[PDB]
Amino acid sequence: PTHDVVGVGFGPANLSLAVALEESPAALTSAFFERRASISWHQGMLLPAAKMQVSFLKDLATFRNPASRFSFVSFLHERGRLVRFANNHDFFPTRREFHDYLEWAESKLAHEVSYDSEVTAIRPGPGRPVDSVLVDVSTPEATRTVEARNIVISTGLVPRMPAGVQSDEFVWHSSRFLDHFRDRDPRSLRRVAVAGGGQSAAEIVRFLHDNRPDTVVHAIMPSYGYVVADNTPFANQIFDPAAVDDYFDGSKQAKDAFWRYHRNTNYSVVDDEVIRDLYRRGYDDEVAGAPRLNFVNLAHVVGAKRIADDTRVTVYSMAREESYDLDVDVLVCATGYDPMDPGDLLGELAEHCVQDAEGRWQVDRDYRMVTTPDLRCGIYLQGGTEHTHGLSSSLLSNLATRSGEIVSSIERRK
């Protein structure tokens, strides 16, 4: 039984793919495999106050199909909260509500997703010129293999730690903040260091400050202060569906300009309101004579070691150009992520995949990896396309349009 398309991973991207498949007139067979037990969308960072960075109109389908049964508005309506939500006049739902939205959509979905199913490898099918791929899936009980004419890889970002710093019992990446934090005796973390100057770092510091009144926090970051995230309407157009064509068709010179002028829309920047809330927090503490937030600016975390009951964090100060030690209970590294890389899963099919001058994967406008004639099956990427398609490649900004374009590409090539 050979499937038209197999989806590796079930995050919002393949969920929107599943939705695009169901809404398409095309009769396409599909299968989806998720390693986790259920949809799990950055749960380690599902902090109480945390808010979507994207408008509710940027959902699973609305920009493609403005009257979808899987739209956020449909979700609100079924949950009987649409009117309530409208009264709030806020385009940004909480991260917590968006997670329910993902679950709700997955549930309404006709197709059944296979959970606890890790894709361990992708191999060429019996064939030359290869017309299918073989997908190795490992469940808790057995292992199996499925065959597909197309695959879509959407396995998400991978946590990046500071150079020379490894995860440990007392050194956590922000992606695993709540996992570790809920385990711990509160009074066990009176001193916390958080490295980074982006949204994650800011949200964690905020949470720590609001969660217990005695916790002392050290925010270590290279900038002089948090930098604001730009989502004003003209700059925000880099996230438009149409901006994908501009980026894609544009020269390397133009591509560089997107990153040069608008990196501050997405990376290493914090939302206005969180910045202002932290500042109010710090200000009221000074009035009260009880400072707790210590902002260590122009600085990098360069090392961590345990030493008795303390975590010894080594900080490099750019101002003085030297290092020093900071003793805390826990070090949280909110130091970001590296992009998706298909190269690992692909194993050997990589030999038939064409790379560019800089050594990265060539990708067509329709998100399909460029291959030699030896390979006739499709490898689509949702993620890992920053260099070809632009800043929206790993965001929720363009799920509806991308997923539809991939489904169209697959129907066209049948």
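In this text, the rigid core denotes the largest set of C-alpha atoms whose superposition between the two forms falls within 1.5 Å. Numbers for residues come from their place in the sequence shown, where the first is 1.
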Just give me the stretch that moves more in 5 other deposited structures of this protein: 265 to 273 or 148 to 156, judged by RMS C-alpha distance after a core fit. 265 to 273
On average, are the C-alpha B-factors higher in 312 to 320 or in 340 to 348? 340 to 348
Tell me which stretch, 140 to 148 or 330 to 338, has the higher mean Cα B-factor listed in the entry. 140 to 148
In this crystal structure's PDB entry, the residue among 81, 96, 184, 260 with the greatest CA B factor is 184
Given 282, 197, 124, 303, the residue at which the Cα B factor reaches its maximum: 124
Comparing residue 230 with the other modelled residues of its chain, is its CA B-factor in the lowest, middle or highest third? lowest
By the record's CA B-factor, is residue 128 among the lowest, middle or highest third of residues in the chain? highest
Tertile call for residue 212 (CA temperature factor, within chain, third-based) is the highest
With respect to C-alpha B-factor, does residue 47 fall in the lowest, middle or highest third of the chain as deposited? lowest
Assert third(CA B-factor, residue 239) within chain per record equals middle
